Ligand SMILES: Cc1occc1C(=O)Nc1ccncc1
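Okay, so here's just one chain, in structure tokens, the form deposited without the named molecule.
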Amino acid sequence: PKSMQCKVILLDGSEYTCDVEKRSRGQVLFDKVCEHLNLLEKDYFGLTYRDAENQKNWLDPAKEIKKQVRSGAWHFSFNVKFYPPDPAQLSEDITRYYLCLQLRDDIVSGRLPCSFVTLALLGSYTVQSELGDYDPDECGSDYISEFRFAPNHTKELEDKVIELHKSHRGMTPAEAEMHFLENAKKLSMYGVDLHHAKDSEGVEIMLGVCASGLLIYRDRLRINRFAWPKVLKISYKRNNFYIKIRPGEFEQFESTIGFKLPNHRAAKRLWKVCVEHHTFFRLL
């Protein structure tokens, strides 16, 4: 039996290495990573790889790894796939812990925009979880944390983290992680997967996919939101992605909103993440 070496970037930035038989389905590797992580609530998570076009793709657990990575390296990342709208309802603290690590990266990367005060509050809960109670000894007026808190660090933000960290004395890691998630879950881009597209008139928009439904970001004004109940069906053809929307009750016919994606692959990728998120919605 011939086995391929797999390298997986974990949410703490460490690398897990294992082998799978070369015709292995994605689930085989995913099970090995989750066992390494002591993770039972596996449904929220997945592995990504980078394609020949360098786009992040989800590794489909039901398909051969080799028919997805194709010409590319067997290099993957471990990631949150379905962000729980209410993380307090997860059964295990360790689930919440990996969700916090993912969200920290969402924040530092700028995928999850955040006010100054929310960056400092989230950062203060991370410090409480990682270092425990505030200690003046490892913190003068000139202190800068090793922790990455934001896409752009300022001394003002470092000071605000320390100020809020002082208020969390006696908080356990599980408690701090739960506070982190109660704040993060409210942010308007929490759990939103963004895709570049053009509307039917050729104007550049972003489509967001999340637990609640689909968002069309025309700009900061003119955000269109379709709760999953309103979304009839979703399809792709060539470079095109089509959303059918239920009529208002007493209306005869659904509406169709069409979008142009960069290429056929970007259209199929959006379709798949939409179908996967809708099935998530129906199981809540």
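If you superpose the two forms and keep the largest set of C-alpha atoms that fall within 1.5 Å, you have the rigid core. Residue positions are given as counts along the sequence shown, with the first one as 1.
The higher RMS C-alpha distance to the shown form in 9 other deposited structures of this protein, out of 243-251 and 46-54, belongs to 243-251, with every structure fitted on the core. Comparing the two stretches 90-98 and 138-146 by root mean square C-alpha distance in 9 other deposited structures of this protein, with all structures fitted on the core, the more displaced one is 138-146. Mean CA temperature factor is higher for 235-243 when stretches 22-30 and 235-243 are set side by side in the entry.
Stretch comparison (63-71 versus 213-221) by mean CA B-factor in the PDB entry places 213-221 on top. Taking the deposited Cα B-factors for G191, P87, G140, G208, the highest one is held by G140. Per the PDB entry, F147 shows the highest C-alpha temperature factor of the residues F147, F78, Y83, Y125. Placement of the Cα temperature factor of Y44 within the chain: lowest third of the modelled residues, per the deposited record. Residue-level temperature factors show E182 in the middle third of its chain, judged at the C-alpha atom. Compared with the other modelled residues of the chain, the Cα B-factor recorded for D133 ranks in the middle third. Remark: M4 belongs to the middle third of its chain, ranked by C-alpha B-factor as recorded. Sort the modelled residues of the chain by CA B factor and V203 lands in the highest third.
Heads up, the form solved in complex with the named molecule isn't pictured, but that's what we're talking about next.
Within 2.4 Å of backbone or C-beta atoms of the shown chain, at least 3 atoms of the named molecule land once it is superimposed from its position in the deposited complex; the pocket counts as blocked.
Put simply, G132 is far from the named molecule in the deposited complex: not one heavy atom of it is within 4.5 Å.
The named molecule in the deposited complex is not approached by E254, whose heavy atoms all lie more than 4.5 angstroms from it.
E35 falls outside the set of residues with a heavy atom inside 4.5 Å of the named molecule in the deposited complex. Although the partner is absent here, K2 sits far enough away that none of its heavy atoms falls within 4.5 Å of the named molecule in the deposited complex. Counting a residue when any of its non-hydrogen atoms is within 4.5 Å of the named molecule in the deposited complex, the hits in 249-284 run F280, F281, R282, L283, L284.
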